[PDB]
Ligand SMILES: OC[C@H]1O[C@H](S[C@H]2[C@H](O)[C@@H](O)[C@@H](O[C@H]3[C@H](O)[C@@H](O)[C@@H](S[C@H]4[C@H](O)[C@@H](O)[C@@H](O[C@H]5[C@H](O)[C@@H](O)[C@@H](S)O[C@@H]5CO)O[C@@H]4CO)O[C@@H]3CO)O[C@@H]2CO)[C@H](O)[C@@H](O)[C@@H]1O
Ligand SMILES: [Ca+2]
Ligand SMILES: [Ca+2]
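Residue numbers (the deposited numbering): 1 to 684.
This is the structure we're talking about:
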């Protein structure tokens with residue numbers, strides 16, 4: 001199978017995701033619509049159900065709406081059963097139309113469809129070459145009040161119909177009872193309730209098992225990707241452990257939502273994208289794009305700066321999911337925002353690095369500020385808008401041109417309003433020119449690119465006032481970039497030498513199968529390198545010119561670079577691949593009497609790669625927490641660690657460059673074969 005095929009569940013770099021609120025798209029089956037005060041046929045009260053379902057999505061796939069648009073993947077609302085109760089917030093009636101108020105993760109939402117309808121969605125989608133990504137929110141259940149069991153459904157959780165427990169009289173401790181978060185710190189937002197939503201205690205063995213079992217169900221049904229909700233509100237450790245169980249079963253592209261207000265670098269966000277095992281929604285990319293094209297609060301330099309900065313911060317920048325807007329912010333289009341600006345933002349996103357996602361209705365210039373106005377019903381299915389055209393012409397390029405899907409990014413020409421960047425992967429090139437100025441054209445001179453000698457036509461065909469250019473060994477002849485113009489020029493050819501464009505997933509234990517996408521691998525099975533270790537023969541389950549499926553070797557756990565050798569020639573190295581010791585379990589390390597100095601933090605390290613292999617650098621675990629579950633001088637932290645292994649570890653204090661280790665002998669602990677555990681020790 002090509003890296004391009006719909007069967008590639010491990011990489012979305014060549015795809016274009018279409019995010020849609022199932023309820024607000026198309027009601028293909030009115031028979032499953034809710035009744036009473038929870039429904040609104042006219043869909044004017046955006047807090048109620050409008051009727052949209054999976055049958056509606058099926059209908060639009062069959063009548064080629066998505067195929068003509070060019071999108072190759074659908075990101076739908078959480079498919080699990082949500083609460084049925086209606087909630088009254090200060091006079092206004094609220095429903096679980098969004099799918100975020102789950103009550104049973106092992107059953108479907110009857111309003112969206114039956115288990116059979118879902119299977120029908122998967123089948124119909126894969127037939128037309130479209131992948132299905134689902135929303136999954138393992139952080140909480142639904143709104144709840146501990147003192148009032150009559151409010152909503154008391155955040156009750158069900159296991160395929162069987163009641164597990166509710167928020168009140170939670171003797172088993174399935175949920176956190178530490179009040180609501182004030183968002184003052186990372187720790188505060190992880191162990192306290194997100195508003196009134198009942199927060200799960202993933203340290204509980206039953207809850208841990210439940211989510212591993214629950215996700216396997218949906219994976220087994222054929223889902224191609226997972227968008228994890230509120231990753232910033234659950235321990236990285238548990239999530240990493242959960243992630244490894246998924247990758248050991250049926251690996252699929254997984255990304256999470258870690259909200260960011262600006263394009264500025266955030267330490268915790270970067271660590272998560274680099275250490276969790278999943279990528280993230282690129283909010284930094286989003287901010288820059290909006291500041292420049294929408295709000296006019298930044299110029300083209302802020303755009304180039306963001307490109308360079310994110311490529312530096314994230315180990316795998318191509319795995320970050322880009323977008324111009326979504327359900328968490330105001331629609332890109334506003335009366336003060338021109339159609340051309342939205343169109344340019346799209347063109348930019350579609351030709352830039354990462355995995356592009358389009359919020360439903362963007363092609364129809366849908367407006368709407370804040371929740372719930374930004375989740376209005378699809379106004380029409382017109383295929384004649386300029387935005388629709390841009391997407392249908394640029395989206396396919398992610399499949400046909402590897403420069404756009406796997407390439408690096410380099411600035412070629414720039415000023416306050418003009419931006420010319422180049423995507424390059426091997427001998428394939430793509431050059432995009434953008435002039436955000438709506439009234440003045442720009443005279444471009446001295447433009448140098450990697451385009452071979454020849455005449456290039458605008459891939460957009462001039463719909464965005466693009467023009468044709470002429471190359472003479474890279475040097476482009478002088479031309480005028482029209483007002484509000486944006487053009488795309490490309491060049492593609494076959495690769496003779498091996499070039500790795502993507503590896504998915506980037507974390508796993510020996511025995512797992514990983515996918516390597518690229519160009520020039522040849523038909524004859526060669527050899528795959530994980531550092532120095534060579535993998536050949538049966539270990540390589542599949543080998544083609546554009547994709548290689550290989551089994552992770554039994555080597556020491558650690559960070560490795562991946563390389564491919566075909567016909568004696570070595571390819572480029574794909575860095576930062578994490579090999580685990582084996583199966584993972586989440587363990588809470590608790591240390592008592594660890595009093596510190598001002599600005600001094602407590603960290604943890606031990607004899608396994610998951611603990612940093614006695615390192616005190618960035619691979620060490622920490623800084624530890626000391627406010628919610630346990631209070632200072634007691635510290636704690638949830639860590640994904642190998643199952644059934646005898647571990648040795650020690651805590652250490654670190655302020656500046658001074659390290660203070662625990663005295664005495666190392667602490668020891670044998671981890672459980674599965675689930676979770678808590679190990680408490682005293683600072684030596
Ligand atoms: O304080 C009392 C409070 O009562 C209600 S608030 C009430 C609201 O009216 C309802 O609409 C409903 O909101 C839910 C949304 O409709 C639903 O889509 C999700 S939103 C989801 C986000 O998508 C996700 O980003 C994350 O939250 C993000 C924020 O979006 C982001 O801006 C920043 S601040 O980071 C956050 C975390 O990273 O998680 C949420 C939750 O899944 O759920 C919400 C919550 O249910 O329900 C709320 C209360 O439950 C009154 O309206 C208020 O006036 C009043 O103050
Ligand atoms: Ca319906
Ligand atoms: Ca939480």
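Where is the CB? At the ideal position from N, CA and C, for every residue including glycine.
Quick one: measure Cβ to Cβ for residue i and residue j, integer angstroms, because I've assumed they're closer than 8 angstroms.
{"i": "residue 148", "j": "residue 210", "result": "Going by Cβ atoms, the distance from residue 148 to residue 210 rounds to 25 angstroms, so no, they are not a contact pair."}
{"i": "residue 692", "j": "residue 36", "result": "Since the first residue of the chain shown is 1 and the last is 684, residue 692 is not available in this structure."}
{"i": "residue 23", "j": "residue 14", "result": "Contact flag wrong, Cβ pair sits at about 29 angstroms."}
{"i": "residue 603", "j": "residue 651", "result": "7 angstroms"}
{"i": "residue 191", "j": "residue 178", "result": "6 angstroms"}
{"i": "residue 738", "j": "residue 274", "result": "There is simply no residue 738 to check, as the chain begins at 1 and stops at 684 in what is shown."}
{"i": "residue 61", "j": "residue 125", "result": "6 angstroms"}
{"i": "residue 608", "j": "residue 642", "result": "6 angstroms"}
Please classify residue i as buried or exposed, where buried requires at least 16 neighbouring CB atoms within 10 angstroms.
{"i": "residue 661", "result": "exposed"}
{"i": "residue 1", "result": "exposed"}
{"i": "residue 150", "result": "exposed"}
{"i": "residue 278", "result": "buried"}
{"i": "residue 117", "result": "buried"}
{"i": "residue 312", "result": "exposed"}
{"i": "residue 451", "result": "buried"}
{"i": "residue 204", "result": "buried"}
{"i": "residue 195", "result": "exposed"}
{"i": "residue 115", "result": "exposed"}
{"i": "residue 44", "result": "exposed"}
{"i": "residue 30", "result": "exposed"}
{"i": "residue 428", "result": "buried"}
{"i": "residue 559", "result": "exposed"}
{"i": "residue 618", "result": "exposed"}
{"i": "residue 359", "result": "buried"}
{"i": "residue 92", "result": "exposed"}
Considering only C-alpha positions, which residue in the set the options is nearest to residue i?
{"i": "residue 113", "options": "63, 83, 161 and 27", "result": "27"}
{"i": "residue 518", "options": "634, 81, 124 and 405", "result": "405"}
{"i": "residue 605", "options": "599, 596, 616 and 63", "result": "616"}
{"i": "residue 75", "options": "84, 25 and 101", "result": "25"}
{"i": "residue 227", "options": "235, 217 and 253", "result": "253"}
{"i": "residue 346", "options": "283, 250, 16 and 197", "result": "16"}
{"i": "residue 729", "options": "250, 629, 85 and 638", "result": "The question about residue 729 has no answer, for the chain in this structure spans 1 to 684."}
{"i": "residue 86", "options": "328, 153 and 656", "result": "153"}
{"i": "residue 479", "options": "442, 370, 614 and 333", "result": "442"}
{"i": "residue 494", "options": "401, 449 and 536", "result": "401"}
{"i": "residue 646", "options": "587, 620 and 653", "result": "587"}
{"i": "residue 484", "options": "397, 358, 421 and 344", "result": "344"}
{"i": "residue 454", "options": "398, 46, 281 and 490", "result": "490"}
{"i": "residue 341", "options": "594, 63, 302 and 386", "result": "386"}
{"i": "residue 47", "options": "352, 538, 197 and 374", "result": "374"}
{"i": "residue 143", "options": "629, 326 and 175", "result": "175"}
{"i": "residue 368", "options": "621, 416, 326 and 552", "result": "326"}
{"i": "residue 301", "options": "420, 464 and 268", "result": "420"}
Is residue i near residue j, with beta carbons less than 8 angstroms apart?
{"i": "residue 509", "j": "residue 611", "result": "no"}
{"i": "residue 380", "j": "residue 364", "result": "yes"}
{"i": "residue 292", "j": "residue 319", "result": "no"}
{"i": "residue 499", "j": "residue 599", "result": "no"}
{"i": "residue 122", "j": "residue 56", "result": "no"}
{"i": "residue 671", "j": "residue 585", "result": "yes"}
{"i": "residue 444", "j": "residue 413", "result": "yes"}
{"i": "residue 550", "j": "residue 540", "result": "yes"}
{"i": "residue 521", "j": "residue 486", "result": "no"}
{"i": "residue 106", "j": "residue 214", "result": "yes"}
{"i": "residue 624", "j": "residue 636", "result": "yes"}
{"i": "residue 294", "j": "residue 332", "result": "yes"}
{"i": "residue 565", "j": "residue 515", "result": "no"}
{"i": "residue 459", "j": "residue 393", "result": "yes"}
{"i": "residue 596", "j": "residue 488", "result": "no"}
{"i": "residue 80", "j": "residue 109", "result": "yes"}
{"i": "residue 475", "j": "residue 448", "result": "yes"}
Can you list every residue whose CB sits closer than 6 angstroms to some heavy atom of ligand 3, going in chain order? 139, 190, 199, 233 and 234
Strictly closer than 6 angstroms from CB to any heavy atom of ligand 2: give me those residues in the order they appear in the chain. 27, 29, 30, 32, 33, 51 and 53
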